[PDB]
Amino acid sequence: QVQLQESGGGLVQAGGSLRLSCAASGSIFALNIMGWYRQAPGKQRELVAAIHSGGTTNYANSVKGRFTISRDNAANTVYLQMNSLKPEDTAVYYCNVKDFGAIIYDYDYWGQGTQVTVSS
């Protein structure tokens, strides 16, 4: 099975920093998108950031300039370097893999989620 192991979150002071890491153990097609989505308390899950195998990247407006989604060139692991944090960034952050191996459609994988809480 393909499984996504999330780490690097927790409590942190405002104006601070964290470094999320999602290691995807299992068979993934070479062409894919590893990303981070987040679900704020009583809100809909939104994209935070995402990085293609190619290396193109897409960030949500809120976290532009602050966060940096990079991936391990070797393994199937993706890192969201979160800097200059604010209390609005507090959410459950979910790792995601869009796998393009079927070609016509894409198959999704979601991590359990990991809590990030930014106090003022």
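When you see a residue number, it is the position in the sequence shown, counting from 1.
- Query: Taking the recorded C-alpha temperature factors, which stretch has the higher mean, 57-65 or 26-34?
  - Reply: That would be 57-65.
- Of 44-52 and 85-93, the one with larger mean CA B-factor: Taking the mean C-alpha B-factor of 85-93 and of 44-52, the larger value falls to 85-93.
- Message: Splitting the chain's C-alpha B-factors into thirds, which one does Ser17 fall into?
- Response: Ranked within chain, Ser17 CA B lands in the middle tercile.
- Which third of the chain does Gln115 land in by C-alpha B-factor: lowest, middle or highest? Answer is lowest: the recorded C-alpha B-factor places it there.
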